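In the numbering used here, the protein residues as written are 17 to 148. The C-beta atom is built at its ideal place from N, Cα and C for all residues, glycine as well.
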């Protein structure tokens with residue numbers, strides 16, 4: 017089967033969110049083996065699934081393929097749904113997330129540190145982007 021793992025939506029604010037997934041293994045049919053599959057990770061409003069917006073559109077020919085999408089232009093207090101569309105024929109499972117209100121936090125001094133930030137001698141100056 018086409019195995020597409022979906023990573024839970026994180027870094028969610030009112031206007032943006034970081035979503036991702038991993039296309040572990042791809043299948044299609046004869047003739048389409050070794051094809052650069054267009055990964056379009058689509059998101060829409062839970063209230064309006066007609067507004068199919070593209071979070072990210074990239075091409076993958078190598079699997080497992082880890083893809084991520086940074087969504088901006090989100091509506092506050094709004095529930096959204098997302099899926100990874102791989103090639104012209106496949107879609108993943110459906111996840112849903114909800115944005116925040118117009119009172120969001122900066123999330124830089126205190127961020128959700130799920131991994132350990134233990135790096136012997138921190139050479140990287142994270143003033144451009146803070147790692148999760």
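What is the DSSP secondary structure of residue 57, counted as helix, strand or coil?
The residue given as residue 57 occupies position 41 in the chain shown. In the structure shown, residue 57 sits in a strand (DSSP, three-state: E or B).
Residue 35 and residue 85 closer than 7 Å at C-beta
What you label residue 35 is simply residue 19 of the chain shown in a count that begins at 1. What you label residue 85 is simply residue 69 of the chain shown in a count that begins at 1. Yes, the pair counts as a contact, with Cβ atoms nearer than the cut-off.
Roughly how many angstroms lie between the CA atoms of residue 66 and residue 112, to the nearest whole one?
If you number the chain shown from 1, residue 66 lands on position 50. If you number the chain shown from 1, residue 112 lands on position 96. Approximately 15 Å between the Cα atoms of the pair.
Tell me the DSSP secondary structure of residue 111 in three-state form.
Counting from one through the chain shown, the residue named residue 111 turns up at place 95. In this structure, residue 111 counts as strand in the three-state DSSP scheme.
Look at residue 47 and residue 21 and say whether their C-beta atoms are less than 7 Å apart.
For the purposes of this step, residue 47 is identified with residue 31 of the chain shown, where counting begins at 1. For the purposes of this step, residue 21 is identified with residue 5 of the chain shown, where counting begins at 1. No; because the gap between Cβ atoms is not below 7 Å, this pair is not in contact.
How would you label residue 108, buried or exposed, when you count the other beta carbons within 10 angstroms and need 16 or more for buried?
The residue you call residue 108 lines up with position 92 of the chain shown. Burial call: buried.
Only counting the same chain, and skipping five residues up and downstream in sequence, which positions put a Cβ closer than 7 Å to that of residue 45?
For the purposes of this step, residue 45 is taken as residue 29 along the chain shown, with counting starting at 1. None.
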